[PDB]
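Asker: Please find one structure pasted underneath; my questions will follow.
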Amino acid sequence: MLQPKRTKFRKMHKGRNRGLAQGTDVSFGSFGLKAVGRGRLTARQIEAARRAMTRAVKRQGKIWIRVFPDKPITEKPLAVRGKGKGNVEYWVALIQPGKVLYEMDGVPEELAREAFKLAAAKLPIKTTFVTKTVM
Amino acid sequence: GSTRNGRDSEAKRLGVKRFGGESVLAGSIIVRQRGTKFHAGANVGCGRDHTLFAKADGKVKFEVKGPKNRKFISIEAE
Amino acid sequence: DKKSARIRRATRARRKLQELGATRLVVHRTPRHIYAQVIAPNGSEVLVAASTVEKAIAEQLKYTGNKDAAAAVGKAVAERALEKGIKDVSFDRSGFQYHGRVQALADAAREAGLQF
Amino acid sequence: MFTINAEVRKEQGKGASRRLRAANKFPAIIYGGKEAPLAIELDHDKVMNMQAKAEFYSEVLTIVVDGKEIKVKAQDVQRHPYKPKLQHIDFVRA
Amino acid sequence: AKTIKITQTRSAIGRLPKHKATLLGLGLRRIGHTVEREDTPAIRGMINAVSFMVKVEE
RNA sequence: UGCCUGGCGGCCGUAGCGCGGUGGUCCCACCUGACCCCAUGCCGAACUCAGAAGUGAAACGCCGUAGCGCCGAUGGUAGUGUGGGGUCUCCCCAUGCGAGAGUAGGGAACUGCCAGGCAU
RNA sequence: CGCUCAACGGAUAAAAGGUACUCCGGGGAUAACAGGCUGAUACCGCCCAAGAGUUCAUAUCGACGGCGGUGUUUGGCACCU
RNA sequence: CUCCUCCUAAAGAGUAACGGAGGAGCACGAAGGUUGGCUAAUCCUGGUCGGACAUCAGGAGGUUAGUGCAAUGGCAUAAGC
RNA sequence: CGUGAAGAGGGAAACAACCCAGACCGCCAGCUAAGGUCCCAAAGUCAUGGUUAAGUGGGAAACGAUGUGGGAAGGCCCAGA
Ligand SMILES: [K+]
Ligand SMILES: [K+]
Ligand SMILES: [K+]
Ligand SMILES: [K+]
Ligand SMILES: [K+]
Ligand SMILES: [K+]
Ligand SMILES: [K+]
Ligand SMILES: [K+]
Ligand SMILES: [K+]
Ligand SMILES: [K+]
Ligand SMILES: [K+]
Ligand SMILES: [K+]
Ligand SMILES: [K+]
Ligand SMILES: [K+]
Ligand SMILES: [Mg+2]
Ligand SMILES: [Mg+2]
Ligand SMILES: [Mg+2]
Ligand SMILES: [Mg+2]
Ligand SMILES: [Mg+2]
Ligand SMILES: [Mg+2]
Ligand SMILES: [Mg+2]
Ligand SMILES: [Mg+2]
Ligand SMILES: [Mg+2]
Ligand SMILES: [Mg+2]
Ligand SMILES: [Mg+2]
Ligand SMILES: [Mg+2]
Ligand SMILES: [Mg+2]
Ligand SMILES: [Mg+2]
Ligand SMILES: [Mg+2]
Ligand SMILES: [Mg+2]
Ligand SMILES: [Mg+2]
Ligand SMILES: [Mg+2]
Ligand SMILES: [Mg+2]
Ligand SMILES: [Mg+2]
Ligand SMILES: [Mg+2]
Ligand SMILES: [Mg+2]
Ligand SMILES: [Mg+2]
Ligand SMILES: [Mg+2]
Ligand SMILES: [Mg+2]
Ligand SMILES: [Mg+2]
Ligand SMILES: [Mg+2]
Ligand SMILES: [Mg+2]
Ligand SMILES: [Mg+2]
Ligand SMILES: [Mg+2]
Ligand SMILES: [Mg+2]
Ligand SMILES: [Mg+2]
Ligand SMILES: [Mg+2]
Ligand SMILES: [Mg+2]
Ligand SMILES: [Mg+2]
Ligand SMILES: [Mg+2]
Ligand SMILES: [Mg+2]
Ligand SMILES: [Mg+2]
Ligand SMILES: [Mg+2]
Ligand SMILES: [Mg+2]
């Protein structure tokens, strides 16, 4: 479960999530899982997908996670009415279309495709399989 | 529960009062600022709170001058 | 660096003089020579000048790098300025202490007629 | 052996470029040397099939525009953020 | 010199204040009203500002 | 008229660093002494004074050189004023404005006043 | 010159409570019931398939996570009275 | 509950919430005026006691220091010593 | 910023606040806006080229599937795919 070791501030404005992603190329491995949709990825989701991927490849090759959950999300407890911002409960990464979420190397393409499909089944956002390009 | 926040200070109405090319009388405030984001040029004074004000009648002129690319305000005599 | 230190020393007074729009009497001192210039308020035009590297001044001096030479240069620059009809300047010690040769030059210029 | 047929662009900017890509072409630029840059339109399907070969980015290509042949090298490519499509290509005169 | 005809084609209800002011500067009073104006860059700019609700006869 | 040097400016990295070379007649610098004018919270290191044996070593100036800094299009992309639309958390169309980053490329500053030295 | 007049434009120099024994003028400008909007929570479906099941993921359960439906619990709001 | 600084605040000013974060209710006859002078942190190397860290010397570095006390805007011509 | 409030008329079945549009009075004249033209109910059972077979149109997601239309490539193939 990824989460910043420390932060300047405990709570963050909701903000919005417009635009296209930066970091749209396979930069470290040979294969990638890329977001086609827009949304939030919780640390639990990132880790559930990481587990699925890693077990699919039998801990062979190498795996990079290109996104990090650095945005804290607060909630108000049940049966509370104002009275200040709620408590931080989990952490998310904001995802825009085109964002490469994970990369893989050191395995055959068919196995990478299978592992990535198993991983995408854990995620709330539509994704697509990509490969490294020379330019 | 309750919050430990909830405080603020009154707005200080700083900023540029007379923009480039405006005709002003001597004494007119040109900019209110904390410290010297803008610096005093010809016919301009810098007060104790770093307010820049006209020392002569004329037209406001902004420029960038010197080795540090600093911003100066002067008054062109009209 | 000695030169950079002296330039830093001189900058505040020079900026004040420019802001005041004064006509400067700028002095430059070296171990061997002393120089004086009268500079217009724009800072880029020289009205009169005098130094110990001029033959007409250096030929009358035993040594060009002492208080007597400084006084001669001060008197000469003041006389040339008065001939041009200036009469009103501000002294610019250029980061040198107001002392010794620099002071002797200034005193000679004052005696010869420059008002500062 | 790579040959690409191109047209000179008669309209530039965001609206014209989006209309090109909606008509299944895409814009590109040729620059370098002492000649002025040339803004061209390319057929997306043909060029997208060609650039799948790794030699597209290492060989000396020939662009035929208005009959004249220009020798170029692919210099930069802007891809669609998530579709398998091309937005733009820089070509440098060889 | 040269003049152009400008007609208001849509209502002014609920338009931006700057747009209503531009219709005032063109002298247009109601849907279907046509006015004749000198052809100058300033007039052309006013037409450009409200081009969605006026039509020009050259 | 040209070359070299000093002072004061304009300008404020295309102008700054690095690396290599080079200059002492003059100028500049280091330099030589200090009882003295003056000075060290100790020290003539610095400041100051009196000088001119030595050296361009350092510093400085000049020349060369892209390893950097710096500058930098064209095209596309992002955003966006107004009007319209959709599957409306976000977008698209017409029109106008149009980056940032990156690419090609540029690039080892330019210049005014006064003074001095040399050649002429 | 004298005020933590700090409830800081400072009712007085000077001030705490109870009322289920209660009372008046008002408010659905504002709570408690029921309706409404919502659906976090609740409940019911589904997707992926780690595994359990001697072997065997899918007879039967389904971990880590994902997507919905209902209006159905605990709540939020304060729109009707 | 008054006052100050930042953000929210939509590149002039202003702008709400029992929104997100911190401070004040002083100090100083020098810590004020002016004239003259000066320039930081941190690290490396060598050096009695002396060590991770004292003072000394040189180098790198270039304000990463400093500012009577929050934070922001400033500050080398220093507003810092 | 716009409208309601304090604004009627036409449209959105019905629907202050949406879309069109600002009612001085009269007319058994005409042209338009939004929205519409088979009958209720005013106006095209209009023209041309396509798509859908679900009454989809006329309520919804991850996800599933030889539904069906279009386009650019690829593998094998009369030496028999
Ligand atoms: K350079
Ligand atoms: K009060
Ligand atoms: K009582
Ligand atoms: K009782
Ligand atoms: K629900
Ligand atoms: K619901
Ligand atoms: K279901
Ligand atoms: K089985
Ligand atoms: K009641
Ligand atoms: K602001
Ligand atoms: K003092
Ligand atoms: K109205
Ligand atoms: K139906
Ligand atoms: K079939
Ligand atoms: Mg925003
Ligand atoms: Mg972003
Ligand atoms: Mg403030
Ligand atoms: Mg546009
Ligand atoms: Mg309207
Ligand atoms: Mg000495
Ligand atoms: Mg040397
Ligand atoms: Mg451009
Ligand atoms: Mg640019
Ligand atoms: Mg150089
Ligand atoms: Mg009060
Ligand atoms: Mg009782
Ligand atoms: Mg009662
Ligand atoms: Mg009532
Ligand atoms: Mg109510
Ligand atoms: Mg209840
Ligand atoms: Mg209730
Ligand atoms: Mg099952
Ligand atoms: Mg479960
Ligand atoms: Mg119910
Ligand atoms: Mg309820
Ligand atoms: Mg309310
Ligand atoms: Mg009711
Ligand atoms: Mg009712
Ligand atoms: Mg503002
Ligand atoms: Mg604004
Ligand atoms: Mg207001
Ligand atoms: Mg208000
Ligand atoms: Mg507030
Ligand atoms: Mg407090
Ligand atoms: Mg001082
Ligand atoms: Mg009322
Ligand atoms: Mg109405
Ligand atoms: Mg109506
Ligand atoms: Mg309806
Ligand atoms: Mg009706
Ligand atoms: Mg009609
Ligand atoms: Mg009919
Ligand atoms: Mg028909
Ligand atoms: Mg239906």
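Labeling convention for the structure tokens: chains A, B, ... as they appear, residues from 1 per chain, ligands from 1 in order of appearance.
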Distance limit 10 Å, atoms considered: only C-alpha atoms (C1' of nucleotides). Which chain G residues sit that close to chain A? Return them as JSON, numbers by chain.

Answerer: {"G": [40, 41, 47, 48, 49, 50, 64, 65, 66, 67, 74, 75, 76, 77]}

Asker: For residue 43 (chain C), work out the shell of residues within 12 Å, counting only C-alpha atoms (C1' of nucleotides) and skipping chain neighbours fewer than 2 positions away, then give it as a PyMOL selection string.

Answerer: (chain C and resi 14-15+17-19+21-26+37-41+45-47) or (chain F and resi 7-10+112-114)

Asker: Dump the neighbourhood of ligand 19 as a list in words: all residues within 12 Å, distances computed on only C-alpha atoms (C1' of nucleotides) and all ligand atoms.

Answerer: residues 10, 11, 12, 13, 14, 15 and 16 of chain E; 2, 3, 18, 19, 20, 21, 22, 33 and 34 of chain I

Asker: I'd like the neighbourhood of residue 89 (chain D) as a list in words, where a residue qualifies if any of its atoms comes within 9 Å (using only C-alpha atoms (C1' of nucleotides)), though same-chain residues fewer than 2 positions away should be ignored.

Answerer: residues 26, 27, 28, 29, 30, 74, 75, 76, 77, 78, 79, 86, 87 and 91 of chain D; 75 and 76 of chain F

Asker: Could you please take those selected residues and save N, CA and C atoms (P, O5', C5', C4', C3', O3' and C1' of nucleotides) as a PDB file, in the first residue's frame?

Answerer:
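In the end it all went to out-v7.pdb:
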```pdb
ATOM      1  N   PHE D  26      -3.206  13.672 -41.438  1.00  0.00           N
ATOM      2  CA  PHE D  26      -2.612  14.352 -40.295  1.00  0.00           C
ATOM      3  C   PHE D  26      -1.526  15.293 -40.793  1.00  0.00           C
ATOM      4  N   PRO D  27      -1.206  16.328 -40.025  1.00  0.00           N
ATOM      5  CA  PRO D  27      -0.207  17.307 -40.454  1.00  0.00           C
ATOM      6  C   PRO D  27       1.206  16.896 -40.072  1.00  0.00           C
ATOM      7  N   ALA D  28       2.159  17.484 -40.782  1.00  0.00           N
ATOM      8  CA  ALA D  28       3.566  17.216 -40.534  1.00  0.00           C
ATOM      9  C   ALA D  28       4.372  18.405 -41.028  1.00  0.00           C
ATOM     10  N   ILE D  29       5.618  18.477 -40.582  1.00  0.00           N
ATOM     11  CA  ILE D  29       6.483  19.587 -40.957  1.00  0.00           C
ATOM     12  C   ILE D  29       7.814  19.037 -41.447  1.00  0.00           C
ATOM     13  N   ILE D  30       8.355  19.642 -42.503  1.00  0.00           N
ATOM     14  CA  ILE D  30       9.706  19.367 -42.987  1.00  0.00           C
ATOM     15  C   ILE D  30      10.534  20.623 -42.768  1.00  0.00           C
ATOM     16  N   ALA D  74      12.939  10.970 -40.297  1.00  0.00           N
ATOM     17  CA  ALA D  74      11.992  11.200 -39.217  1.00  0.00           C
ATOM     18  C   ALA D  74      12.730  11.723 -37.993  1.00  0.00           C
ATOM     19  N   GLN D  75      12.246  12.825 -37.441  1.00  0.00           N
ATOM     20  CA  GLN D  75      12.923  13.478 -36.329  1.00  0.00           C
ATOM     21  C   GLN D  75      12.139  13.426 -35.031  1.00  0.00           C
ATOM     22  N   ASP D  76      10.828  13.638 -35.082  1.00  0.00           N
ATOM     23  CA  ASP D  76      10.004  13.504 -33.895  1.00  0.00           C
ATOM     24  C   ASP D  76       8.611  13.088 -34.335  1.00  0.00           C
ATOM     25  N   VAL D  77       7.897  12.404 -33.450  1.00  0.00           N
ATOM     26  CA  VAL D  77       6.537  11.975 -33.747  1.00  0.00           C
ATOM     27  C   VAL D  77       5.672  12.222 -32.522  1.00  0.00           C
ATOM     28  N   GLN D  78       4.549  12.903 -32.720  1.00  0.00           N
ATOM     29  CA  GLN D  78       3.538  13.065 -31.686  1.00  0.00           C
ATOM     30  C   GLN D  78       2.458  12.019 -31.915  1.00  0.00           C
ATOM     31  N   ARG D  79       2.225  11.178 -30.921  1.00  0.00           N
ATOM     32  CA  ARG D  79       1.221  10.136 -31.018  1.00  0.00           C
ATOM     33  C   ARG D  79      -0.042  10.546 -30.272  1.00  0.00           C
ATOM     34  N   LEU D  86      -1.479   8.652 -35.110  1.00  0.00           N
ATOM     35  CA  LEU D  86      -0.428   9.658 -35.195  1.00  0.00           C
ATOM     36  C   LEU D  86      -1.049  11.044 -35.283  1.00  0.00           C
ATOM     37  N   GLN D  87      -0.544  11.968 -34.472  1.00  0.00           N
ATOM     38  CA  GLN D  87      -0.972  13.358 -34.514  1.00  0.00           C
ATOM     39  C   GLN D  87      -0.119  14.219 -35.439  1.00  0.00           C
ATOM     40  N   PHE D  91       9.972  16.073 -39.799  1.00  0.00           N
ATOM     41  CA  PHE D  91      10.934  15.518 -40.740  1.00  0.00           C
ATOM     42  C   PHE D  91      12.044  16.538 -40.913  1.00  0.00           C
TER      43      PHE D  91
ATOM     44  P     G F  75       4.041  28.174 -38.019  1.00  0.00           P
ATOM     45  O5'   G F  75       3.856  26.604 -37.878  1.00  0.00           O
ATOM     46  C5'   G F  75       3.719  25.800 -39.030  1.00  0.00           C
ATOM     47  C4'   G F  75       3.800  24.339 -38.685  1.00  0.00           C
ATOM     48  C3'   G F  75       2.802  23.846 -37.657  1.00  0.00           C
ATOM     49  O3'   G F  75       1.502  23.676 -38.181  1.00  0.00           O
ATOM     50  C1'   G F  75       4.924  23.002 -37.128  1.00  0.00           C
ATOM     51  P     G F  76       0.232  24.034 -37.270  1.00  0.00           P
ATOM     52  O5'   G F  76       0.211  22.877 -36.189  1.00  0.00           O
ATOM     53  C5'   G F  76      -0.050  21.535 -36.561  1.00  0.00           C
ATOM     54  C4'   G F  76       0.341  20.560 -35.482  1.00  0.00           C
ATOM     55  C3'   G F  76      -0.422  20.653 -34.167  1.00  0.00           C
ATOM     56  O3'   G F  76      -1.676  19.998 -34.210  1.00  0.00           O
ATOM     57  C1'   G F  76       1.894  20.517 -33.727  1.00  0.00           C
TER      58        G F  76
END
```

Asker: Give one line per residue of chain H that approaches chain C to at most 9 Å, naming the two atoms of the closest pair and their distance in Å to one decimal, counting only C-alpha atoms (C1' of nucleotides); sort by chain then ascending residue number and deliver it as a Markdown table.

Answerer:
```
| residue | atom | partner | partner_atom | distance |
| --- | --- | --- | --- | --- |
| H:36 | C1' | C:97 | CA | 8.6 |
| H:76 | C1' | C:8 | CA | 8.8 |
| H:77 | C1' | C:12 | CA | 4.0 |
```

Asker: Can you tell me, as a list in words, what residues are no more than 12 Å from residue 58 (chain A) when counting only C-alpha atoms (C1' of nucleotides), ignoring any on the same chain fewer than 6 positions away?

Answerer: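 Those residues are residues 51, 52, 106, 107, 111, 112 and 115 of chain A.
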
Asker: Could the residues in this selection be written to a file with N, CA, C and O atoms, as a CSV table (one decimal), in the first residue's frame?

Answerer:
```csv
chain,number,residue,atom,x,y,z
A,51,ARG,N,-0.4,-7.2,-7.2
A,51,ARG,CA,-0.4,-8.6,-6.7
A,51,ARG,C,-0.8,-9.6,-7.9
A,51,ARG,O,-0.1,-10.6,-8.2
A,52,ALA,N,-1.9,-9.2,-8.6
A,52,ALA,CA,-2.4,-10.0,-9.7
A,52,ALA,C,-1.3,-10.2,-10.7
A,52,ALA,O,-1.0,-11.3,-11.2
A,106,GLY,N,11.3,-8.4,-19.4
A,106,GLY,CA,11.9,-9.7,-19.1
A,106,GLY,C,11.0,-10.9,-19.2
A,106,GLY,O,11.3,-11.9,-18.6
A,107,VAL,N,9.9,-10.7,-19.9
A,107,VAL,CA,8.9,-11.8,-20.1
A,107,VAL,C,8.4,-11.8,-21.5
A,107,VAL,O,8.5,-10.7,-22.2
A,111,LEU,N,2.6,-13.6,-22.2
A,111,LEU,CA,2.5,-13.7,-20.8
A,111,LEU,C,2.3,-12.3,-20.2
A,111,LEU,O,1.5,-12.2,-19.3
A,112,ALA,N,2.9,-11.3,-20.8
A,112,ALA,CA,2.7,-9.9,-20.3
A,112,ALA,C,1.2,-9.5,-20.5
A,112,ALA,O,0.6,-8.9,-19.6
A,115,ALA,N,-0.9,-11.3,-17.9
A,115,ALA,CA,-0.7,-10.7,-16.6
A,115,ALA,C,-1.4,-9.4,-16.5
A,115,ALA,O,-2.1,-9.1,-15.5
```

Asker: What do you get as a PyMOL selection string if you pick all residues at most 12 Å from ligand 26, counting only C-alpha atoms (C1' of nucleotides) and all ligand atoms?

Answerer: chain G and resi 19-21

Asker: Can I get the residues of chain A within 12 Å of chain D, each with the closest pair of atoms and their distance in Å to one decimal, using only C-alpha atoms, sorted chain first then ascending number, as a Markdown table?

Answerer:
```
| residue | atom | partner | partner_atom | distance |
| --- | --- | --- | --- | --- |
| A:19 | CA | D:81 | CA | 10.8 |
| A:20 | CA | D:81 | CA | 7.2 |
| A:21 | CA | D:81 | CA | 7.5 |
| A:22 | CA | D:81 | CA | 9.0 |
| A:23 | CA | D:81 | CA | 9.5 |
| A:24 | CA | D:81 | CA | 6.5 |
| A:25 | CA | D:81 | CA | 9.0 |
| A:32 | CA | D:82 | CA | 11.8 |
| A:33 | CA | D:82 | CA | 10.7 |
| A:34 | CA | D:82 | CA | 7.4 |
| A:35 | CA | D:82 | CA | 7.5 |
| A:36 | CA | D:82 | CA | 6.0 |
| A:37 | CA | D:82 | CA | 9.3 |
| A:38 | CA | D:82 | CA | 11.7 |
| A:96 | CA | D:81 | CA | 9.8 |
| A:97 | CA | D:82 | CA | 6.7 |
| A:98 | CA | D:81 | CA | 4.6 |
| A:99 | CA | D:81 | CA | 8.1 |
| A:100 | CA | D:82 | CA | 9.4 |
| A:126 | CA | D:82 | CA | 11.1 |
| A:127 | CA | D:82 | CA | 9.1 |
| A:128 | CA | D:82 | CA | 8.0 |
| A:129 | CA | D:82 | CA | 9.9 |
| A:130 | CA | D:82 | CA | 9.0 |
| A:131 | CA | D:84 | CA | 10.9 |
| A:132 | CA | D:52 | CA | 11.6 |
| A:133 | CA | D:54 | CA | 8.9 |
| A:134 | CA | D:54 | CA | 7.2 |
| A:135 | CA | D:77 | CA | 6.8 |
```

Asker: Quick one: pull the distance between CA of residue 66 (chain D) and CA of residue 42 (chain D), Å, one decimal.

Answerer: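 Pair CA of residue 66 (chain D) / CA of residue 42 (chain D) returns 12.9 Å.
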
Asker: Using 10 Å as the limit and counting only C-alpha atoms (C1' of nucleotides), can you tabulate each residue of chain I that touches chain D, with its shortest atom-to-atom distance in Å and the two atoms involved, as a Markdown table?

Answerer:
```
| residue | atom | partner | partner_atom | distance |
| --- | --- | --- | --- | --- |
| I:71 | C1' | D:45 | CA | 9.9 |
| I:72 | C1' | D:45 | CA | 6.2 |
| I:73 | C1' | D:49 | CA | 7.4 |
```

Asker: Can you tell me which residues sit at most 12 Å away from ligand 32, counting only C-alpha atoms (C1' of nucleotides) and all ligand atoms, written as a list in words?

Answerer: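 The distance check yields residues 45, 46, 47, 48, 49, 57, 58, 59, 60, 61 and 62 of chain G.
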
Asker: If we count only C-alpha atoms (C1' of nucleotides) and set the cut-off at 12 Å, which residues sit around residue 66 (chain F), ignoring sequence neighbours fewer than 5 positions away in its own chain? Please answer as number ranges by chain.

Answerer: F: 18-19, 106-108

Asker: Set the cut-off to 10 Å, count only C-alpha atoms (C1' of nucleotides) and all ligand atoms, and list whatever residues fall near ligand 13 as a ChimeraX atom specification.

Answerer: /I:54-58

Asker: Would you mind exporting N, CA, C and O atoms (P, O5', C5', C4', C3', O3' and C1' of nucleotides) of the selected residues as a PDB file, in the first residue's frame?

Answerer:
```
ATOM      1  P     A I  54     -34.666  -9.273 -33.558  1.00  0.00           P
ATOM      2  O5'   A I  54     -34.368  -8.528 -32.185  1.00  0.00           O
ATOM      3  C5'   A I  54     -35.338  -7.674 -31.606  1.00  0.00           C
ATOM      4  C4'   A I  54     -34.759  -6.796 -30.528  1.00  0.00           C
ATOM      5  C3'   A I  54     -35.784  -5.875 -29.887  1.00  0.00           C
ATOM      6  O3'   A I  54     -36.356  -6.483 -28.745  1.00  0.00           O
ATOM      7  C1'   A I  54     -33.904  -4.602 -30.616  1.00  0.00           C
ATOM      8  P     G I  55     -37.941  -6.614 -28.577  1.00  0.00           P
ATOM      9  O5'   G I  55     -38.443  -5.110 -28.550  1.00  0.00           O
ATOM     10  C5'   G I  55     -39.046  -4.509 -29.683  1.00  0.00           C
ATOM     11  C4'   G I  55     -39.039  -3.008 -29.552  1.00  0.00           C
ATOM     12  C3'   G I  55     -39.850  -2.449 -28.376  1.00  0.00           C
ATOM     13  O3'   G I  55     -39.234  -1.268 -27.875  1.00  0.00           O
ATOM     14  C1'   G I  55     -40.661  -1.558 -30.397  1.00  0.00           C
ATOM     15  P     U I  56     -38.096  -1.333 -26.746  1.00  0.00           P
ATOM     16  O5'   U I  56     -36.749  -1.388 -27.586  1.00  0.00           O
ATOM     17  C5'   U I  56     -35.521  -1.696 -26.964  1.00  0.00           C
ATOM     18  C4'   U I  56     -34.364  -1.100 -27.721  1.00  0.00           C
ATOM     19  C3'   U I  56     -34.298   0.419 -27.790  1.00  0.00           C
ATOM     20  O3'   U I  56     -33.769   1.018 -26.637  1.00  0.00           O
ATOM     21  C1'   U I  56     -33.820  -0.513 -29.913  1.00  0.00           C
ATOM     22  P     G I  57     -34.494   2.310 -26.047  1.00  0.00           P
ATOM     23  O5'   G I  57     -34.716   3.239 -27.315  1.00  0.00           O
ATOM     24  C5'   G I  57     -33.707   4.058 -27.875  1.00  0.00           C
ATOM     25  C4'   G I  57     -34.245   4.716 -29.119  1.00  0.00           C
ATOM     26  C3'   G I  57     -35.389   5.691 -28.877  1.00  0.00           C
ATOM     27  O3'   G I  57     -34.930   6.971 -28.524  1.00  0.00           O
ATOM     28  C1'   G I  57     -35.978   4.223 -30.630  1.00  0.00           C
ATOM     29  P     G I  58     -35.783   7.862 -27.516  1.00  0.00           P
ATOM     30  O5'   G I  58     -35.993   6.910 -26.267  1.00  0.00           O
ATOM     31  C5'   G I  58     -36.658   7.372 -25.109  1.00  0.00           C
ATOM     32  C4'   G I  58     -37.713   6.401 -24.649  1.00  0.00           C
ATOM     33  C3'   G I  58     -37.280   4.944 -24.471  1.00  0.00           C
ATOM     34  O3'   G I  58     -37.713   4.548 -23.169  1.00  0.00           O
ATOM     35  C1'   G I  58     -39.273   5.091 -25.808  1.00  0.00           C
TER      36        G I  58
END
```

Asker: Counting only C-alpha atoms (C1' of nucleotides), which residues of chain A sit at most 12 Å from some atom of chain H, and what is each one's closest atom pair with its distance in Å to one decimal, listed by chain and rising residue number, as CSV?

Answerer:
```
residue,atom,partner,partner_atom,distance
A:8,CA,H:21,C1',10.2
A:9,CA,H:21,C1',8.1
A:10,CA,H:20,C1',9.0
A:11,CA,H:20,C1',7.2
A:12,CA,H:20,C1',7.7
A:13,CA,H:20,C1',8.2
A:14,CA,H:8,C1',11.4
A:15,CA,H:8,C1',11.1
A:81,CA,H:18,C1',10.8
A:82,CA,H:18,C1',6.1
A:83,CA,H:18,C1',4.3
A:84,CA,H:18,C1',6.5
A:85,CA,H:19,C1',7.1
A:86,CA,H:19,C1',10.8
```

Asker: Can you work out which residues are within 12 Å of ligand 50, considering only C-alpha atoms (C1' of nucleotides) and all ligand atoms, and then hand them over as number ranges by chain?

Answerer: I: 9-15

Asker: What are the DSSP helix (DSSP H, G or I) residues of region 44-100 of chain A, as JSON, numbers by chain?

Answerer: {"A": [44, 45, 46, 47, 48, 49, 50, 51, 52, 53, 54, 55, 56, 57]}

Asker: Store the residues picked out above in a file with C-alpha atoms, as a PDB file, in the first residue's frame.

Answerer:
```
ATOM      1  CA  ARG A  44      -5.591  -0.646  -2.377  1.00  0.00           C
ATOM      2  CA  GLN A  45      -6.467  -0.941  -6.082  1.00  0.00           C
ATOM      3  CA  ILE A  46      -2.877  -0.284  -7.169  1.00  0.00           C
ATOM      4  CA  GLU A  47      -1.706  -2.993  -4.806  1.00  0.00           C
ATOM      5  CA  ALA A  48      -4.420  -5.493  -5.784  1.00  0.00           C
ATOM      6  CA  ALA A  49      -3.405  -5.097  -9.433  1.00  0.00           C
ATOM      7  CA  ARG A  50       0.290  -5.364  -8.542  1.00  0.00           C
ATOM      8  CA  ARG A  51      -0.360  -8.641  -6.742  1.00  0.00           C
ATOM      9  CA  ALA A  52      -2.362 -10.032  -9.654  1.00  0.00           C
ATOM     10  CA  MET A  53       0.369  -9.102 -12.164  1.00  0.00           C
ATOM     11  CA  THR A  54       3.220 -10.470 -10.078  1.00  0.00           C
ATOM     12  CA  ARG A  55       1.596 -13.821  -9.388  1.00  0.00           C
ATOM     13  CA  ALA A  56       0.720 -14.152 -13.072  1.00  0.00           C
ATOM     14  CA  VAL A  57       4.378 -13.816 -14.089  1.00  0.00           C
TER      15      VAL A  57
END
```

Asker: With a distance cut-off of 10 Å and only C-alpha atoms (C1' of nucleotides), select the neighbouring residues of residue 56 (chain F), excluding the residue or stretch itself and same-chain residues fewer than 6 positions from it, and output the selection as a PDB file with N, CA, C and O atoms (P, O5', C5', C4', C3', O3' and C1' of nucleotides), in the first residue's frame.

Answerer:
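And here is the file that came out, selection.pdb:
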```
ATOM      1  P     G F  23      53.947  36.494 -24.915  1.00  0.00           P
ATOM      2  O5'   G F  23      53.295  37.898 -24.542  1.00  0.00           O
ATOM      3  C5'   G F  23      53.098  38.903 -25.525  1.00  0.00           C
ATOM      4  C4'   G F  23      52.546  40.164 -24.908  1.00  0.00           C
ATOM      5  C3'   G F  23      53.263  40.645 -23.657  1.00  0.00           C
ATOM      6  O3'   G F  23      54.381  41.452 -23.978  1.00  0.00           O
ATOM      7  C1'   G F  23      50.915  40.630 -23.287  1.00  0.00           C
ATOM      8  P     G F  24      55.800  41.218 -23.267  1.00  0.00           P
ATOM      9  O5'   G F  24      55.997  42.524 -22.384  1.00  0.00           O
ATOM     10  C5'   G F  24      55.917  43.821 -22.966  1.00  0.00           C
ATOM     11  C4'   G F  24      55.851  44.894 -21.907  1.00  0.00           C
ATOM     12  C3'   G F  24      56.993  44.867 -20.898  1.00  0.00           C
ATOM     13  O3'   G F  24      57.299  46.194 -20.480  1.00  0.00           O
ATOM     14  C1'   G F  24      54.930  44.464 -19.787  1.00  0.00           C
ATOM     15  P     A F  29      47.282  49.308 -10.332  1.00  0.00           P
ATOM     16  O5'   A F  29      47.612  47.786 -10.027  1.00  0.00           O
ATOM     17  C5'   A F  29      46.618  46.783 -10.143  1.00  0.00           C
ATOM     18  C4'   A F  29      47.239  45.421 -10.282  1.00  0.00           C
ATOM     19  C3'   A F  29      48.280  45.059  -9.242  1.00  0.00           C
ATOM     20  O3'   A F  29      47.722  44.643  -8.012  1.00  0.00           O
ATOM     21  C1'   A F  29      49.097  44.508 -11.378  1.00  0.00           C
ATOM     22  P     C F  30      48.270  45.255  -6.634  1.00  0.00           P
ATOM     23  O5'   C F  30      49.467  44.288  -6.233  1.00  0.00           O
ATOM     24  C5'   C F  30      49.219  42.936  -5.888  1.00  0.00           C
ATOM     25  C4'   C F  30      50.255  42.011  -6.474  1.00  0.00           C
ATOM     26  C3'   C F  30      51.619  42.023  -5.811  1.00  0.00           C
ATOM     27  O3'   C F  30      51.673  41.302  -4.597  1.00  0.00           O
ATOM     28  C1'   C F  30      51.904  42.126  -8.139  1.00  0.00           C
TER      29        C F  30
END
```
